[PDB]
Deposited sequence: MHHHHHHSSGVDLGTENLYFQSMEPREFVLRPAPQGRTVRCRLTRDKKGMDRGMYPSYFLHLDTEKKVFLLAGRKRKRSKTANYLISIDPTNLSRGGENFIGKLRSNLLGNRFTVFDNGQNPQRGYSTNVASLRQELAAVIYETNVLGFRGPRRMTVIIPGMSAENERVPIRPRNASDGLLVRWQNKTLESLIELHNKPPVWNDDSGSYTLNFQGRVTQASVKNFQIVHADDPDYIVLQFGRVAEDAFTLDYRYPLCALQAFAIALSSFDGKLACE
């Protein structure tokens, strides 16, 4: 379970998942595989006493964290490690890794939704594993590298804008059956160099259910945390 949720998806496959929100009575979110045994993967929920959004992610309904800025438009996904700012003598191997960053900006072009999203993730090795990014302090990290435009050995991804349908008068994307309700928060994330390889897809299927389907190089923790950053 712990190993599965951190492993990049096998090459050539799509890992298809159901994400459920529980708003009864902050809301709880759950990820399960979208089979008919529906194995539990991940739970997430916002911490109560927190100044900005902080979701704690676990494999019991503690494996990572999603942290927001105050403006609610720049996110980092961490693993379970320690924050270097809390003590400089902390063992380097125990410091938290940055698994993803997510940047939301308002669109300058019309006809592709209110928001653009950029996803920065670590690069991959020859053995198809992540090359970890494990900052020793403030001055480095995925969002900092994005801001300084130093994305050298990182992977950058964006939301796919919808395409004018040729005879039928729509800006659309083919979600391959994984959307049941139209929603401004449905999305496909792609690499700019291949618009047809859908690295992450998030689709609404009911009031509190969504599809979440991921491919290499993402793992479930990264996929889940990126989907969570899309909620208000």
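Deposited residues absent from the coordinates (by C-alpha): Residues missing from the model, as numbered along the full deposited sequence, span 1-24, 50-54, 91-99, 271-276.
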